[PDB]
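Here's the structure, in structure tokens; my notes come after.
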Amino acid sequence: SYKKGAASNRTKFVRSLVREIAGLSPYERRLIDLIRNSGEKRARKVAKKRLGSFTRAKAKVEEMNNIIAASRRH
Amino acid sequence: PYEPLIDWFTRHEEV
Amino acid sequence: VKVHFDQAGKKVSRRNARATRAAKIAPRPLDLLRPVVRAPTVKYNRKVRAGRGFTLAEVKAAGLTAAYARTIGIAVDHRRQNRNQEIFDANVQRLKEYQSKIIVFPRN
Amino acid sequence: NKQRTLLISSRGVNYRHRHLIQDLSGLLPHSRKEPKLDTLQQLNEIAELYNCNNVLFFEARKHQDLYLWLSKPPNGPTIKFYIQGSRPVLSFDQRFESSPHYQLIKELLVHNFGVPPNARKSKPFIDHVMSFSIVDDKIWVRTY
Amino acid sequence: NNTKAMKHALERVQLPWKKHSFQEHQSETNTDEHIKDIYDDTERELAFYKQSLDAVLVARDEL
Amino acid sequence: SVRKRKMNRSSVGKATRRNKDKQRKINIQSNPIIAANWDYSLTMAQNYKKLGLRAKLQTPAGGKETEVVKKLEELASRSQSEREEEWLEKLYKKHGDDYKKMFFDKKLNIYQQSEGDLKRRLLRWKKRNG
Amino acid sequence: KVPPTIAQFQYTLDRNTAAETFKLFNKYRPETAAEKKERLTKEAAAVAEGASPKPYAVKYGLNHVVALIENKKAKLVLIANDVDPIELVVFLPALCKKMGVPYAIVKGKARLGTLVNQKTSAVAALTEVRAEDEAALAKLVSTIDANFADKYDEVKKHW
Amino acid sequence: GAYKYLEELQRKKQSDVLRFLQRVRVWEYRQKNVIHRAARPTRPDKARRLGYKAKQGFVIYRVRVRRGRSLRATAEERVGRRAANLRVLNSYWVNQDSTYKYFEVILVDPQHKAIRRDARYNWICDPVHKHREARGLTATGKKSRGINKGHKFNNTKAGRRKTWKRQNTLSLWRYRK
RNA sequence: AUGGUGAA
RNA sequence: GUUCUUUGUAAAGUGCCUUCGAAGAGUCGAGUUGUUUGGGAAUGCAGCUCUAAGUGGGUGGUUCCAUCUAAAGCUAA
RNA sequence: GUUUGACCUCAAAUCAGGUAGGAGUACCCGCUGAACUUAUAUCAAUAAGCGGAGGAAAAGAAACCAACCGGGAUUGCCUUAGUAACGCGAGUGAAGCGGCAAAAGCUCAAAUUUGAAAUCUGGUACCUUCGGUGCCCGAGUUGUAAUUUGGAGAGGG
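Written out as structure tokens, the structure is:
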């Protein structure tokens, strides 16, 4: 590899700001509601159905969990 | 559906 | 049905075009300098054929930069990599011979 | 006697594999139909989301060949295949009791294909029959 | 392939079929290796049909 | 062709052109030395061989120092602005040759140039002066 | 209704604070085309026959202002509340809050443009100020903070 | 650069802010005609990367097309036909509706002297680039033609018509092979 | 079949 | 060739040392309904429910490796 | 200030500077598209019709081909080959590698010029007029001027 590159933390900062300002999509809202009430076992199925890729569903679930942790723990 | 925004990212200033 | 009745005509036209290019390009040899490349696909893994252009590493080893090399009629390939250190040596020797055999006129 | 299986396939399905997967899905109501998968431990993790202790994954490599994977997600072994909701009937050859590998594959086929009498999409009656037999170091099966 | 590991794993893969009634199983005495003309498949199809019929005759009256 | 028949019948007159001969006849116009030595009777490859200049670097497809010295014969054959010179004069008769001190000269060194650039410019100015 | 990010604007500064901010900004009007041209011609004429400090001006370019922010160089940022492509300015308040740079929302982009000799200025920010107005700049920053962050602490809430 | 923030924000098209903006802008557009002049694009981040320049000679148009030939290609053809003197450069999606889909199209006026004297954009003035959308030379047109490098487009690498001529032509030489 | 013409 | 102009602390190229170092979203993809091929992985194209990440993604052969960096455009032979 | 002016939008001018219609159509680029003819296959992604330019048009410098000691834009011929593949009958039917002809690579988006929108359209007076200078006005800061496209690239010594 010669051009894979890294985030440099600028893309990270911009993406975090965009995630905070934009809010949560209705499907994202349902996913977080299921996580906070049902759990991963129920949220991952919905994520896969909405997306169709298991890896993408797992990544979205992890992102939602991180957002919930950053929000409720402050 | 309608809830206030949260400052989880904006709570801490960028030093 | 298509019949190539202009085979001789096509050859004559190509020869005339080459002659016109030579007249317009008197000192240069009507083309650039190409490297030596080994063909893939096993069946041709033992065959050496002319390539498109020298790699950046080959040009750098030859003692000149790619930007200047292109102006001296040296083909430079920016996507070809070097992996076997015998074709690289052959290309370096060819580039050195070309540099020794070239005479460059001044701008003015 | 009850078991749940998972059905998946590689990317790219048109003339033959499409029908060979649709008929299998129709014949296996207990199986779960899911979209295409990318080529390999994610299959077992996916199986945990449906309580299905079985996976039927089809892989099409070499640009011409077809491969099938049958394995137990949690802790069982795996076997690769290369052979080219009415209740069915399955019969098996005596050769499956000779060697440990033949017995293992026979048991895996039994408990991965035989639809349990009770399931969320089962039927009470039978409509067709099928046979399992090993010859020329390979298994021959057809829907008839 | 090794029989030791395969044999050990086979135990955890076998369900208790014989410990319960065969009705739930809903599942012959021939190796089928004697079949000739393995290329035309005329005899192979007949052998498969005979095996299927033998299984059906055994699993029929149980209903 | 209806248009061709009308044009032939019409008295306007065809815009006759003749350039077939000039297609074969090509004049070399990229070098004075070669032009005085080029032989149109011989082919391009033949002329190149006669003059000693290579025609194709690669191996030609199919089967197959008299004048080169002339090119080698011809082969062997800046200033500072007034404002820049004045500024260098101020640098000189304000610090002299201490480039380190000149580097911190706020009044004269309006542009914070490096010591190397200042010394090079001073040497260039000196070469053209005392 | 509108999401919390929308309606964050229109909660501009009061009359007195906005008037004071515009009065302060009017002391740093960037030289127009004519002024710069005449200054350059005068300099050329002086050079023809034969050391100024850094000029002070208000930075207003949207890209330029955004570049100034996230580097903590900017001190005050003015944001227009009538930007037709709202997406160009939705992120500015939150970005400023994250970076800690004081910011305010003013009424009308044309008002910002007037103080910078432009038809419409999306944003107007100050980076460096003269020592004379440094105390005034700090006082205006404190007043803006008190009147915006505390008075409109709910601007980021209640849709 | 503010363009990065806008590009990142545009990704979350399902967000509350963008969800509200979609309905507001679609309601605003429905009042206007099918094709109308746009003072400036509503998605500068996409336009700038799509060759848009904030200078005289660049025209941005908004066109409405009924939801189900690709919709983008149809919109490009519709805008080009009305604006014959203009040249279509590219287009992008901006909004959608249950009954209509909205796309923003960028056009360049080759007649303007600014474009003619601009080396980076004077190439469009060539007559060969007349009605690019009609011949499917745009980004959407090329995509609809399946012109790409890879085995995925080997059978349609150079169009679906020249192949018939290539395969149906019996090549004969002076000396038969 | 395609493209057009006329018509108490 | 002949020349008249050059202009200014102006521009460009190479090696070394230091500090930084940004890549195209209703887009890929999945799903579904039609078209295309003699194309077995309908690839490709067409309507639409859905719709992602940046040590990421696509294309492949093997339990790892090989190549490239799509969603922008120009170019005579 | 019960008032003026700006920003934005919408309209009018027999105002100034500009362009598209159509014809032609052998070749090209897209939409659309049947039957005779032969046992979904096949005539056939053909005939006709529709829209768009040229002397050629499209494509063109890889999210390529390959599993080799790796090749390195597109394009056309031979070859691969009547092979792979499909239909498994009738028949349809490619592509890598190899040789030849010609070979040129580049232009934007993306990180602040901010110690100076330095950019450009248009009007006017001149001149050395396919244009140049001075002035004026406007476009532009919701981005025109320098550099860079990973083959990197940028700030300093």
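Residue numbers (the working numbering), protein chains in the order written: chain F, 25 to 98; chain C, 2 to 16; chain L, 2 to 109; chain X, 27 to 170; chain G, 1090 to 1152; chain Y, 3 to 132; chain W, 920 to 1078; chain S, 511 to 687.
Positions of the beta carbon are idealized from the N, C-alpha and C atoms, including for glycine.
Buried or exposed, going by whether 16 or more other CB atoms sit within 10 Å of the CB of residue i?
i, result
"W683 (chain S)", "exposed"
"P1021 (chain W)", "buried"
"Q94 (chain L)", "exposed"
"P107 (chain L)", "exposed"
"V70 (chain Y)", "exposed"
"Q1112 (chain G)", "exposed"
"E1073 (chain W)", "exposed"
Could you tell me the alpha carbon to alpha carbon distance between residue i and residue j, rounded to whole angstroms?
i, j, result
"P923 (chain W)", "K28 (chain F)", "37 Å"
"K62 (chain X)", "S1116 (chain G)", "31 Å"
"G63 (chain F)", "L75 (chain X)", "12 Å"
"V14 (chain Y)", "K8 (chain Y)", "10 Å"
"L94 (chain X)", "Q110 (chain X)", "10 Å"
"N89 (chain F)", "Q524 (chain S)", "19 Å"
"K98 (chain X)", "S125 (chain X)", "20 Å"
"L981 (chain W)", "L932 (chain W)", "21 Å"
"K132 (chain X)", "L581 (chain S)", "54 Å"
"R547 (chain S)", "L32 (chain X)", "55 Å"
"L1014 (chain W)", "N1000 (chain W)", "16 Å"
"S101 (chain L)", "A63 (chain L)", "11 Å"
"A58 (chain L)", "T66 (chain L)", "10 Å"
"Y571 (chain S)", "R577 (chain S)", "19 Å"
"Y539 (chain S)", "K28 (chain X)", "58 Å"
"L96 (chain L)", "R84 (chain L)", "18 Å"
"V85 (chain F)", "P949 (chain W)", "51 Å"
"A37 (chain Y)", "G74 (chain L)", "22 Å"
"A86 (chain X)", "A593 (chain S)", "50 Å"
"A965 (chain W)", "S1040 (chain W)", "35 Å"
Taking residue i as the query, report the chain Y residues whose CB atoms sit under 7 Å from its CB, ordered along the chain.
i, result
"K25 (chain L)", "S32"
For residue i, go through chain C and note every residue whose CB falls closer than 9 Å to its CB, in chain order.
i, result
"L41 (chain F)", "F10 and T11"
Taking residue i as the query, report the chain W residues whose CB atoms sit under 7 Å from its CB, ordered along the chain.
i, result
"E44 (chain F)", "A1013"
Find the residues of chain G that neighbour residue i, judging by a C-beta separation of less than 7 Å, and give them in chain order.
i, result
"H137 (chain X)", "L1104"
Give the interface partners of residue i over in chain W, defined as CB-CB distance under 9 Å, in chain order.
i, result
"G47 (chain F)", "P922, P923 and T924"
What does residue i reach in chain X if we use C-beta pairs closer than 8 Å?
i, result
"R68 (chain F)", "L75"
"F1137 (chain G)", "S157, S159, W166 and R168"
Using a Cβ cut-off of 8 Å, pull out every chain C residue sitting near residue i, in sequence order please.
i, result
"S25 (chain F)", "Those do not exist, as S25 (chain F) stays about 31 Å from chain C at its closest Cβ, beyond 8 Å."
"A94 (chain F)", "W9 and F10"
Starting from the beta carbon of residue i, find every residue of chain F whose beta carbon is closer than 7 Å, and list them in chain order.
i, result
"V996 (chain W)", "Ordered by position in chain F, no residue passes the 7 Å Cβ test against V996 (chain W), which lies about 16 Å from the chain."
Given that residue i touches chain F, what residues does it touch there, using C-beta distances under 8 Å?
i, result
"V1009 (chain W)", "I45"
Verify the contact flag: residue i, CB atom, against every heavy atom of the ligand FAD, threshold strictly below 8 Å.
i, result
"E1134 (chain G)", "Ligands displayed in this structure: none; no statement on the ligand FAD is therefore possible."
Quick one: which chain W residues come within Cβ less than 8 Å of residue i?
i, result
"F530 (chain S)", "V921, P922 and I925"
Kindly list, in the order they appear in chain S, the residues whose Cβ is closer than 7 Å to that of residue i.
i, result
"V38 (chain F)", "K514, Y515 and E518"
Against residue i, what residues of chain L qualify as contacts under a CB-to-CB distance less than 9 Å, listed in chain order?
i, result
"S681 (chain S)", "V2, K3, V4 and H5"
"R684 (chain S)", "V4, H5, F6, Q8 and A9"
Below 7 Å on C-beta distance, what does residue i contact in chain C?
i, result
"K1016 (chain W)", "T11"
Could you tell me which whole alpha helix (DSSP H) segments of length 4 or greater appear in the segment 86 to 164 of chain X? 126 to 139
Mind the definition here: the segment 1135 to 1142 of chain G touches the segment 148 to 159 of chain X only if three or more C-beta pairs lie below 8 Å; say whether that holds. yes
Closer than 8 Å is the cut-off here; do at least three beta carbon pairs connect the segment 1129 to 1140 of chain G with the segment 18 to 36 of chain Y? no
Are at least three pairs of beta-carbons, each pair with one atom in the segment 96 to 113 of chain X and one in the segment 135 to 152 of chain X, less than 8 Å apart? yes
Any chance the segment 946 to 962 of chain W sits against the segment 982 to 1001 of chain W, with 3 or more Cβ pairs inside 8 Å? no
Taking three-plus beta-carbon pairs below 8 Å as touching, is the segment 72 to 90 of chain L in contact with the segment 52 to 66 of chain X? no
Please give the ranges of any beta strand (DSSP E) in the segment 534 to 579 of chain S, keeping only runs that are unbroken, at least 3 residues long and fully inside the region. 545 to 548 and 568 to 576
Meets three-Cβ-pair contact criterion under 8 Å: the segment 965 to 984 of chain W and the segment 1030 to 1045 of chain W: yes
Contact between the segment 98 to 105 of chain Y and the segment 1038 to 1057 of chain W is defined here as three or more beta-carbon pairs at a separation below 8 Å; is this criterion met? no
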